[PDB]
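Here is the structure we will look at, set down as structure tokens.
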Amino acid sequence: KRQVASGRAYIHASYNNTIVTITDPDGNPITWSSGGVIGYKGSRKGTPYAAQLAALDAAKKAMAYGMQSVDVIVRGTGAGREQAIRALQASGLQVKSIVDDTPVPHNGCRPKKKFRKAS
Amino acid sequence: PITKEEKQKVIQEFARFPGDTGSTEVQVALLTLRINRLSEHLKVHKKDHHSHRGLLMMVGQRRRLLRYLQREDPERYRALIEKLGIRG
Amino acid sequence: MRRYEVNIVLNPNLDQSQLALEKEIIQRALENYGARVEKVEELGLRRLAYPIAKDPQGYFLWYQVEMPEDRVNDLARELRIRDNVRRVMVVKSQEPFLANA
Amino acid sequence: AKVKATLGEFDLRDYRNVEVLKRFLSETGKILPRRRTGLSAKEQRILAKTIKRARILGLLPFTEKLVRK
Amino acid sequence: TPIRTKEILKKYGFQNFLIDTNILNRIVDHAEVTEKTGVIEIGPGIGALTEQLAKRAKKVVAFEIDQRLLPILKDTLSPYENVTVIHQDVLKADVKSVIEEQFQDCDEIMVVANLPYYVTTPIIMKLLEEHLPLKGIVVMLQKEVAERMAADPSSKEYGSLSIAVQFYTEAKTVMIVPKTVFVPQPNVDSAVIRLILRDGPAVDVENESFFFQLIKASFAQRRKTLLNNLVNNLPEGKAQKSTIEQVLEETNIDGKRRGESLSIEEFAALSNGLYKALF
RNA sequence: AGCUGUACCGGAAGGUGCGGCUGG
RNA sequence: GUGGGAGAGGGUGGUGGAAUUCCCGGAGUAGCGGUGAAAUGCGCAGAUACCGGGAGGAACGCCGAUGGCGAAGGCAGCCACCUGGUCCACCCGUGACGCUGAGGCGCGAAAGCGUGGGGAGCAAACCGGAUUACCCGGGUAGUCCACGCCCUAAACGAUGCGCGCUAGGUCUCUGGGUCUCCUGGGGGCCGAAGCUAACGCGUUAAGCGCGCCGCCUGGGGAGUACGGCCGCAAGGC
């Protein structure tokens, strides 16, 4: 439909889930997939295998909208990071750049109790 | 801050003899200058609890020097105290 | 009565007229506060490592000035009122600490 | 190696000399430790101050993106 | 029994115990149970208390909630006949019916229990809520809590439990249990308290809902001026501030008084005052 | 892993909040 | 006194970016979130993930250290002003002007209180979900600011302050010089003599001495009782 043929991918990698969002150069998302969309529920969503299937599914959909190559941006440090990158790399899209964009505070808001105690 | 000029004029005014920088009078005068400046500062800055200690120490040192001066020669003590306007 | 460096980063999209007017106004304001200019350096246009006011370009002016201390803050407050000027920084003129020599 | 060794003579207090200052920042816009820069503490202190100053002036990046896996 | 405890546990392949004898008699001594008075025990456990209780008890009803401990109740209480076990949770049961049924022939009942403290307070509160016609209650209940149950109107104990119980019954600390008597030392001291019910409420029954609501409101921020407590916690009350200021005058209660320093009488007066005046 | 100042506790065999200590 | 040096020492103004939350606009659809595993919860009134703009509060990543400063408490973005303490060199001035200190006076983390603001995140009490606490989702005080109270601690190096003498070795922060080295001041480890019940201390003494202050006299009852002083109260002495 859009027939952009060249976009980018945002891989939000969490400890509980991985979400892959394909988007135009302009940043407007075109399609998305996650661990839950495949059919996994609970902890299974966090597994690297879930990340692989999420990446493959999102890529297949994006191809259906006619993309050919993306520029992958990865956020977070979950368990599906490398697996998702690898899955998207060989999915058929010609990935050009891989960029780490983990958003970290400059000692801003106070974290939750579980994440405190840090020196 | 106290510029070199301000200090020098006080030193050369209160000196017993030319080239004197260390008599009790000179010390008292310099401490008085510092105390006046710091008092103005603290009057402006009420919550500067860390400089108040400096002021107390300065006042103590001045009082000790004045006690010694009064014990040694009362006349010089009286002259200094009147000319500096201390305790009045 | 001390030596300061005044850095102005202002709107790069100013033509000759507007830029001249801005330079003139900041010069007048600088002179107004008993400041005396030792030298001026015009670095022109530079590439900002991040956008400022959505614009990735900045016009850089650097003045070495000698002025009364108790005025300096006010001067900054005076120089930061124009909408054309983006960044104003006043720093005490230090010494060039040299290492690796 | 060391950043100091991989450099000629320069001033540490120059908060506009971007071409040399960029040498003291990692891939991400972060100040390198003494382990890497190879400076004495006084030097490191002055350098960090200057880096922060230049950061404010917009000449040096606060943060950026590493182009790798 | 310390020597027998190990034998009984080992004989079945097997938690805090009053192993020692003299004090188990003292607690029922304070409980004052005779051939005239029956007993409802909710925490019989192995039945250590039940044996010495039934040695001088009219009627014995025991509540066990876990049937894992059930097989050992019968054989450990073989000689005794007064024992009747209702394998029911007292909270989920209807104690009124059991009062009407088992102790119909018997004269009076005074509840004596020894159960974990995380279960204690809700049970006592329920037994008080439903207005059962029973004489009294005797429980050892984590001394630090018992003091709060008694809690003269000051000294960090007078809270909200104090007001509830003193509105329902009388309370006073009866016995202190020295630590380490239990085989596992509980790192904390316990106290046997007794509750004795009364004929009707201690004070005005004008509005139970609003009375308890005010009690809860006045103790939300314990460290706080009572007026501040009311303007904060009481529903809206921000726009009704002037009303509160008005009503506090004629009740002869000062605004800056830290409600933790009030009596049940004063609380009842304020409950009546605000109601029919606030709205 | 505990301990401690303070403040609460109507699922206190004790728990939690904000700080501190190693006497882990 | 003159010349110079380092520093999250303190107060007052002012601005820089990252991040969380929320609001608006765009694009897109079925889950998101959370756990040991799940549930409560949020979402078809369009949630999550993405891009752009705006609002506000709080804290300052990298450097950052076994580091630095202060009498302790404690003190980290950056700029400016005001200001305290301290080190070194020259060995210029006064000529014992010194040390300690019962009372007094001032300062004093956090948690609390009063009078007004403020409120993004977190979070006692409380409300729900799983499984006795724990853990999960919400949530008032509080955390922030101004002024005025409170005056406590594992307020600790569990080591009062000052001065003199008694082997060294090594690491480090910061001055000076005649710069392989030498000479000051801080912070750490290992160890002579010595001390200690032992552990351990050991030029930063817990060694050998002198001066002044504070405190101890078996445990529990008990920091309780009464009295007095202070506090709005909790409570403190």
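Chains as they are written, first to last, in the numbering used here: chain A, 886 to 1004; chain B, 2 to 89; chain C, -1 to 99; chain D, 389 to 457; chain E, 319 to 597. The beta-carbon is built from N, C-alpha and C at its ideal position, and this holds for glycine as well.
The Cβ-Cβ distance between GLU353(E) and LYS377(E) does not fall below 7 Å. In the structure shown, the three-state DSSP call for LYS430(D) is helix. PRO914(A) is bridged by DSSP to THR908(A).
Ranking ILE571(E), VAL492(E), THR491(E), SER478(E) by CA distance to the CA of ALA538(E) puts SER478(E) first. Fewer than three pairs of CB atoms, one per stretch, sit closer than 8 Å, so the region 427 to 438 of chain D makes no contact with the region 953 to 972 of chain A. Pairwise C-beta distances place the region 331 to 342 of chain E in contact with the region 359 to 373 of chain E, as three or more of them are shorter than 8 Å. By the Cβ rule, the region 969 to 988 of chain A does not count as touching the region 915 to 927 of chain A, because fewer than three pairs are nearer than 8 Å. Distance from the CA of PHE332(E) to the CA of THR323(E), rounded to the nearest whole angstrom, comes to 11 Å.
Rounded to whole angstroms, the gap between the alpha carbons of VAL29(B) and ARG0(C) is 30 Å. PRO54(C) has a beta carbon lying at 7 Å or more from every beta carbon in chain D. Contact of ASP986(A) with chain D is assigned, a C-beta pair being separated by under 7 Å.
Here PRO54(C) carries a strand assignment [DSSP, helix/strand/coil]. Going by C-alpha positions, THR33(B) is about 45 Å away from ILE23(C). Taking 8 Å as the Cβ-Cβ cut-off, the region 960 to 985 of chain A approaches chain D at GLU967, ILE970, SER982, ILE983, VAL984, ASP985, given in chain order. Under the DSSP definition of a beta bridge, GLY356(E) partners with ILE427(E). The Cβ atoms of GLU67(C) and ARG34(C) lie no closer than 7 Å to each other. The DSSP-derived three-state label of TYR78(B) is helix. The contact set of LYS390(D) on chain C, defined by CB atoms closer than 8 Å, is empty, because the minimum CB distance reaches about 10 Å. Per DSSP, reduced to three states, the secondary structure at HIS897(A) is strand. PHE421(E) sits close to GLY356(E), with the two beta carbons spaced by under 7 Å.
Under the Cβ distance rule, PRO449(D) counts among the residues neighbouring chain C, one pair being separated by less than 7 Å.
Excluding sequence positions up to five before and after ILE345(E), its CB lies within less than 6 Å of the CB of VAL510, all in the same chain and listed in chain order.
Between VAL955(A) and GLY892(A), the gap from beta carbon to beta carbon is short of 7 Å.
Residue environment analysis places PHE597(E) among the exposed positions, since fewer than 16 neighbouring C-beta atoms fall within 10 angstroms of its C-beta.
Shown here, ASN343(E) sits in a helix according to DSSP, grouped into three states. Against chain A, the CB of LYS418(D) has no partner CB under 7 Å away; the residue lies outside that interface. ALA587(E) sits away from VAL565(E), with the two beta carbons spaced by 7 Å or more. By the criterion of a C-beta distance shorter than 6 Å, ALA947(A) is surrounded in its chain by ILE907, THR916, once the five residues flanking it on both sides are discounted. Cβ contact annotation for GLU431(D) (same chain, cutoff 7 Å, sequence separation greater than five): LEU400, in chain order. Between the C-alpha atoms of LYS392(D) and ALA429(D) there is a straight-line separation of about 13 Å. According to the DSSP secondary-structure assignment, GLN62(C) is paired through a beta bridge with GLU3(C), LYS37(C). Close CB contacts of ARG35(B) within its chain, under the 8 Å cut and outside five residues either way in sequence, are with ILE3, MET59 (chain order).
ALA489(E) has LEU513(E) as its beta-bridge partners, per DSSP. Measuring C-alpha to C-alpha distances from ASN5(C) to each of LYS453(D), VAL455(D), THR425(D), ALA442(D) identifies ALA442(D) as the nearest. The continuous beta strand (DSSP E) containing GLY454(E) extends over residues 454 to 458. Only exposed fits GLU397(D), as fewer than 16 other CB atoms lie within 10 angstroms of its CB.
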